[PDB]
Amino acid sequence: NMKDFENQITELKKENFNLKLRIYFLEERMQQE
Amino acid sequence: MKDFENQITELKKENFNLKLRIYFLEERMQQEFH
Amino acid sequence: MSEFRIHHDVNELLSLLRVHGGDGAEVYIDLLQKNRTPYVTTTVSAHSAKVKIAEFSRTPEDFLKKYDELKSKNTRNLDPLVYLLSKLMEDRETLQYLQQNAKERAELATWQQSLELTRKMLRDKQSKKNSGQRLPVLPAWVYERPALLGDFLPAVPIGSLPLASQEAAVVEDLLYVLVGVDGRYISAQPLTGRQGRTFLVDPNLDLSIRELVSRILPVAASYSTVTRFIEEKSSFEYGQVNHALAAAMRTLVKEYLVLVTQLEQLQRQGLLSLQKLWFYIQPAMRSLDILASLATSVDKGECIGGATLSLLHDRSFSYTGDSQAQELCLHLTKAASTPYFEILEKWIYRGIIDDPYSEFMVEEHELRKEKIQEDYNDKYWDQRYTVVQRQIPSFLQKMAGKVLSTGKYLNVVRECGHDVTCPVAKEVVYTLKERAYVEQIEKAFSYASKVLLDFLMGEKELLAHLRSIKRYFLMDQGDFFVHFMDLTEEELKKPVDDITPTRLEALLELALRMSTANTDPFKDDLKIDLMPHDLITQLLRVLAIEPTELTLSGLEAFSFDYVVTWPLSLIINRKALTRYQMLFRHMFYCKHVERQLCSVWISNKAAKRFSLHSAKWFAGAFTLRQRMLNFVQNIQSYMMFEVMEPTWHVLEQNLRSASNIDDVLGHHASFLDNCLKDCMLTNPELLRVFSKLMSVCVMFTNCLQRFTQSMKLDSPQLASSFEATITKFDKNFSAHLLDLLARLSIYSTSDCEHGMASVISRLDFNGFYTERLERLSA
Amino acid sequence: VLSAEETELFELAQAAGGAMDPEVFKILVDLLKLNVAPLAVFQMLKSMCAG
Amino acid sequence: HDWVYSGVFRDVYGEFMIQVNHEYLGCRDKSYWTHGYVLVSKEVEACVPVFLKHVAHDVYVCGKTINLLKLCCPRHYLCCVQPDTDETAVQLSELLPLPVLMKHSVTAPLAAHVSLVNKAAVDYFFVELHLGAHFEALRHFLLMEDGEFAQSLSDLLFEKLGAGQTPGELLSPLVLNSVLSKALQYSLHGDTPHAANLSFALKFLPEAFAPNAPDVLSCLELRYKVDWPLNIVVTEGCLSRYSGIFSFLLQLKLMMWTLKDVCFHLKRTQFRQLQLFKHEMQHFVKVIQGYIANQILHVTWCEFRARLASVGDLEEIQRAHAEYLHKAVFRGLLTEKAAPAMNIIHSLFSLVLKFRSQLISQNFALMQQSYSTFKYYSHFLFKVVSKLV
């Protein structure tokens, strides 16, 4: 149905954001070091 | 329903790109920190 | 690998296969995470998988031999990998995609010597892992004396001596060889590396006599291997539990030697033939063959530590077919794990794992609780108590997490001043079932983790710290916040270098002393903090994750700071600290904006005492100030009662439902995640819109203050015009508010999120802006 | 990229047949050691690569 | 003590009728009870001696049942050198033949142990696994056990979706979830966890909401939740029957709420006998629903599901549960050959919905036609029932 897809979108927004944030934190650590 | 499925696929692609960059950054960290 | 290692590896494999569509790289990541056996233990069709692999293997015999060598080396996930490989070779599309992608990526781009080397490597590993911990050094003469080796030493012309006399000479020879002394006719000779002593028999003997002698001799060669193996494995660097295994092997060798002495006495009595001797030896011969097989399985890859304990459990399971083998496996597992399992019980019961052999399941690494307090990562949580899934037994593999958790909990209680030693800890001995050891470890964890939680709550006063944080960072004590605002009104508003941080600290201290926050026992623990960047700029940068041109002021940088002391420093991190500091800075900015609006309206009251017909320009300014103040007050009330308050209530309730460190962390994280989700801290455009609205309000207040100052003396862009500039600032602030409302409505429509609907209702209570929002939606 | 164990896993896969790129082989080894089903890993990899 | 008295199906050494399944055992279903002890030896001859025939094929199926029961009970006595011419055992299996004494002592004890293992597994699954709690809460919410919820719906809640707010609006997630929570709260019977767990599933998205034919509101489908691995005996038939029962209840509730809205619109301020026609139409539906479960069938259905779990294998327990569910559905005469009866009922319900709209407005002709068609279709259905049973 659509409820599973809506929950997937809500989780996936945070999933893409978290992957990007982890990449950004790794980039900041790499630039510092 | 289908629009939400397409959004799930797009978010899967977004996580794919971000986490592939994350794996590349882990490779860079293994090359630099060690 | 990393915390996002699943997604990282999934996307790396998707790019390696050059397949970002189809199912998707995140689809593969989700397939792996959702469809995932908790461990590589499920059984597979060994014969069927071997045939399937052999259909496309470069050498099926090589595949089988690789599996055997991997078993010797204690390689993990080999049979499951074989099943997956057979399935993938059946999957020609997946195999073809992987092969083409790999092509594209490539185009783009003696026994004594071995024993000495093994002892040296074990010593090297023990030195690298011991941090200078000294280990016993045996006199090298023991390993350097081949005459001291216990294996088989590693004749009359048989055509001339009588068959009976030749048989008697060979019997003495075999008694010597099986007792470690090369016989006259048959002598077991040196083994090249890990092997048994090779028996070479005189070729002129009687056919059947020599055949039966060799048939008995299989046990002799196996025992020559076992004695050499026991001497080699007796090195201390191989492991203390390895030392226990070597001692058990030596005791078994001693029992076999007693049997061989009985055999020599019977040879003195003359009560056998070669075949009868082999028949009598058959039981001990089978035991020695099994022991040699087990020793090969262990030492071929040097299974030591919990890898050797998992091998022992697997051996007990493989010996379940033969009851004597299963019972001996359980008993010897108990005997061997007594050192290792006692260390594991010490690790789980006392929070300290001691193994100079480095055979402890729960490990410890250098960590700083002060760093845990100041940095987002928990150094004490991760490095100071690590979990190594290489010294965890197979019977303890599932409970490795719980055992290491009990050890870390005991260590945390010790850092909390409670000497960690589990009173329900049990001596751990490996048997066919570690289920009882699992239950004991669970009780030890429920003791140690409870002790750490109790120390953090009572001894460390985590609840008191939470109350102080609510009073300072969230401004739960309004008197202290008002006093700080009053004292730092002219100090924080000064620039970064124009506002003395010492003056800021003094004003905050005066606010705490002269406010109701002095009632808090930890009210003095709060201090003034300066952000490295603007709060809105930081919010935008964090959302966009993957100061000469921006005005800097002490009011912008003003915030609360808190220091964490272990084990509370091991609990409080800098990610939550950064979120709380951002919230505090935002709250201070909102309070300053509300105070400015109230001050603007108060000076706007001069028209009430003045003639009402000489305030035409100020009427619009006063109306705009009142409207902005009312909208800000309604928004602030709604936000305070719905966003931050739900986070605090969730924190309190879930920590009340938290029993362990993990439960408390989950409670606090749920509260923090609810706060972050409800605060709309993901849109830099929203942060910019809020900053624009606050700037419009500030410009209107500045214009009104300039007009009031000019009127009192008579008795930039905002100050240039009285009412036209006020109208433009009101229009800009209303546009920013409408954009924020539209973004909130979109979020409510997409994410069931009622916060935007509540905000719209709060701003459109009287319908002054309800119609405007509805019209702007279209 | 591929560590000693990851390269060993890739060499084992090639000995059983098939070329696993050092990144792909390391990822497959990680997925197997990630407490996951090797058959599920194969299914996900097929859905990604073949699709 | 390893594979019967330890009920294991982990055989890769070609010596059992049981082959361990990496997926059937984990996904405890009919697939679990089928191939958890996959046919490593499809004939259990290669699995054991001829003296184990009492539970040989039983052992082959028992490995699979143990895999199905693994997610709740995998380990138990149920689930996962010869001498000289010593005449004792020689005569024991010779004077009385080997299989004779073997079946007398071992295979008889083997059958007793297998029966005890099956009974213990069934009792563990049926005692407090919340699987039957799933069915109870489905009958409480998917079938509205509390009359307060239905009354509140037909009085105030059945306003928007009863006629259809919009194809997109009536399918709003947050509004629908709030409505479900409010319907559960209005009744102190829809508070069951599976009452709120009644979820949304669909086959066709909303398309139209014209209140002329009986299409008032039939989009939402109630789907309660059960425990795992209670789905070992899960076949598609029982779930499909439950979903169909929920859909039929939803359609009947839509008709009743249309009638209630008609009455409310009439009372808010050429229409005679409308209430009489509504009662005449509703009498047979109420009779059928009571026959399905009112006070006696309300316990008979429970007793049938009380015997739903009495098998030594998950497939047979599934068959018993599905038979009880099918008998409950057949109580309402839900035969698939009754598609023409469905068409006749659809015409009657379209007329009923149109008459409800007309009565809400202020039809008299619709009511008279409803009474006449009620009599005529009653005669036709009596003839059909006489011809069928």
# chains A, B, ... in the order shown; residues from 1 in each chain; ligands from 1
>>> interface_residues(of="chain D", to="chain E", cutoff="10 Å", atoms="only C-alpha atoms", output="MDAnalysis selection string")
chainID D and resid 37:40
>>> write_last_selection(atoms="N, CA and C atoms", output="PDB file, in the first residue's frame")
ATOM      1  N   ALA D  37      22.951 -12.948   5.861  1.00  0.00           N
ATOM      2  CA  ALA D  37      22.789 -14.189   5.118  1.00  0.00           C
ATOM      3  C   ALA D  37      23.559 -14.108   3.808  1.00  0.00           C
ATOM      4  N   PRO D  38      24.501 -15.013   3.540  1.00  0.00           N
ATOM      5  CA  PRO D  38      25.213 -14.925   2.255  1.00  0.00           C
ATOM      6  C   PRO D  38      24.290 -15.070   1.057  1.00  0.00           C
ATOM      7  N   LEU D  39      23.244 -15.892   1.158  1.00  0.00           N
ATOM      8  CA  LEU D  39      22.278 -15.987   0.068  1.00  0.00           C
ATOM      9  C   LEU D  39      21.515 -14.679  -0.119  1.00  0.00           C
ATOM     10  N   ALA D  40      21.132 -14.020   0.980  1.00  0.00           N
ATOM     11  CA  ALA D  40      20.501 -12.708   0.869  1.00  0.00           C
ATOM     12  C   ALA D  40      21.457 -11.680   0.278  1.00  0.00           C
TER      13      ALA D  40
END
>>> residues_around(residues="stretch 22-26 of chain B", least_positions_apart="5", cutoff="10 Å", atoms="only C-alpha atoms", output="VMD selection string")
(chain A and resid 19 to 27 30) or (chain B and resid 15 to 17 31 to 32) or (chain C and resid 1 to 2 4 to 13) or (chain D and resid 1 23)
>>> write_last_selection(atoms="N, CA and C atoms", output="compact mmCIF listing (two decimals), in the first residue's frame")
# COMPACT_ATOMS: atom_id res chain seq x y z
N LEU A 19 23.60 10.10 5.73
CA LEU A 19 24.74 9.73 4.91
C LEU A 19 25.54 10.96 4.51
N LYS A 20 24.84 12.03 4.11
CA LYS A 20 25.53 13.26 3.75
C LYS A 20 26.25 13.87 4.95
N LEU A 21 25.61 13.84 6.13
CA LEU A 21 26.23 14.39 7.33
C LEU A 21 27.45 13.57 7.74
N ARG A 22 27.39 12.25 7.61
CA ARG A 22 28.55 11.42 7.92
C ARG A 22 29.68 11.72 6.96
N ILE A 23 29.35 11.92 5.68
CA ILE A 23 30.37 12.28 4.70
C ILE A 23 30.97 13.64 5.05
N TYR A 24 30.13 14.60 5.43
CA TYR A 24 30.62 15.93 5.78
C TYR A 24 31.50 15.90 7.03
N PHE A 25 31.11 15.11 8.04
CA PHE A 25 31.93 14.98 9.24
C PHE A 25 33.26 14.31 8.92
N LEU A 26 33.24 13.29 8.06
CA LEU A 26 34.48 12.66 7.63
C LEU A 26 35.35 13.65 6.85
N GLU A 27 34.73 14.46 6.00
CA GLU A 27 35.48 15.47 5.26
C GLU A 27 36.10 16.50 6.20
N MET A 30 39.02 14.83 7.90
CA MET A 30 40.13 14.66 6.97
C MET A 30 40.84 15.98 6.69
N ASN B 15 20.76 8.04 -0.75
CA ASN B 15 21.58 7.30 0.20
C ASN B 15 22.71 6.57 -0.51
N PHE B 16 22.44 6.05 -1.71
CA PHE B 16 23.48 5.39 -2.49
C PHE B 16 24.63 6.34 -2.77
N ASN B 17 24.32 7.53 -3.29
CA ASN B 17 25.37 8.50 -3.61
C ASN B 17 26.12 8.92 -2.36
N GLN B 31 43.92 5.72 3.55
CA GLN B 31 45.13 6.14 2.86
C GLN B 31 45.89 7.24 3.60
N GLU B 32 45.19 8.11 4.33
CA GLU B 32 45.81 9.27 4.97
C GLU B 32 46.18 9.03 6.42
N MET C 1 32.15 -1.94 9.20
CA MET C 1 33.19 -0.87 9.23
C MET C 1 32.73 0.31 10.10
N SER C 2 32.27 1.38 9.45
CA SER C 2 31.84 2.58 10.14
C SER C 2 30.41 2.41 10.64
N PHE C 4 27.91 3.89 9.34
CA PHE C 4 27.17 3.74 8.10
C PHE C 4 27.90 2.83 7.13
N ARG C 5 28.60 1.82 7.66
CA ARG C 5 29.36 0.91 6.82
C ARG C 5 28.46 0.09 5.91
N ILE C 6 27.24 -0.23 6.36
CA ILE C 6 26.32 -0.98 5.51
C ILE C 6 25.98 -0.18 4.26
N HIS C 7 25.55 1.07 4.43
CA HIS C 7 25.22 1.90 3.28
C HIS C 7 26.45 2.18 2.43
N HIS C 8 27.59 2.43 3.08
CA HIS C 8 28.81 2.74 2.34
C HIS C 8 29.22 1.56 1.47
N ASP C 9 29.22 0.36 2.03
CA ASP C 9 29.60 -0.83 1.27
C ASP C 9 28.57 -1.15 0.20
N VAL C 10 27.28 -0.94 0.49
CA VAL C 10 26.26 -1.19 -0.51
C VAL C 10 26.44 -0.26 -1.70
N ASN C 11 26.69 1.02 -1.45
CA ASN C 11 26.87 1.94 -2.56
C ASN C 11 28.20 1.71 -3.27
N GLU C 12 29.23 1.28 -2.53
CA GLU C 12 30.50 0.96 -3.16
C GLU C 12 30.38 -0.26 -4.08
N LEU C 13 29.61 -1.26 -3.66
CA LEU C 13 29.38 -2.42 -4.51
C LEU C 13 28.49 -2.08 -5.70
N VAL D 1 42.13 -0.61 -0.28
CA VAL D 1 40.77 -1.16 -0.56
C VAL D 1 40.62 -2.49 0.15
N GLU D 23 37.22 -3.87 -4.39
CA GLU D 23 36.11 -3.24 -3.68
C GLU D 23 34.90 -4.16 -3.55
>>> residues_around(residues="residue C:144", least_positions_apart="4", cutoff="12 Å", atoms="only C-alpha atoms", output="PyMOL selection string")
chain C and resi 111-113+115-116+138-140+148-149+231-232
>>> write_last_selection(atoms="C-alpha atoms", output="PDB file, in the first residue's frame")
ATOM      1  CA  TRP C 111      59.398 -28.599  12.157  1.00  0.00           C
ATOM      2  CA  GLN C 112      61.858 -27.113  14.653  1.00  0.00           C
ATOM      3  CA  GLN C 113      62.199 -23.971  12.534  1.00  0.00           C
ATOM      4  CA  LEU C 115      57.975 -24.153  15.986  1.00  0.00           C
ATOM      5  CA  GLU C 116      60.618 -21.516  16.722  1.00  0.00           C
ATOM      6  CA  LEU C 138      61.332 -20.837  29.028  1.00  0.00           C
ATOM      7  CA  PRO C 139      64.938 -22.040  28.828  1.00  0.00           C
ATOM      8  CA  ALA C 140      65.567 -22.442  25.124  1.00  0.00           C
ATOM      9  CA  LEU C 148      64.418 -33.914  24.721  1.00  0.00           C
ATOM     10  CA  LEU C 149      61.595 -34.311  22.181  1.00  0.00           C
ATOM     11  CA  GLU C 231      56.366 -30.095  22.974  1.00  0.00           C
ATOM     12  CA  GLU C 232      55.884 -27.380  20.340  1.00  0.00           C
TER      13      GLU C 232
END
>>> closest_residue(among="C:553, C:75, C:702, C:405", to="chain D", atoms="only C-alpha atoms")
C:75
>>> atom_distance(atom1="atom CA of residue C:717", atom2="atom CA of residue C:698")
12.0 Å
>>> residues_around(residues="stretch 171-186 of chain C", least_positions_apart="2", cutoff="10 Å", atoms="only C-alpha atoms", output="PyMOL selection string")
chain C and resi 147+149-158+165-169+188-189+197-205+210+213-214+216-224+227+256-257+260-261+263-264+267-268+273-274+277
>>> residues_around(residues="residue E:137", least_positions_apart="2", cutoff="12 Å", atoms="only C-alpha atoms", output="number ranges by chain")
E: 130-135, 139-146, 184, 189-198, 222-226, 242
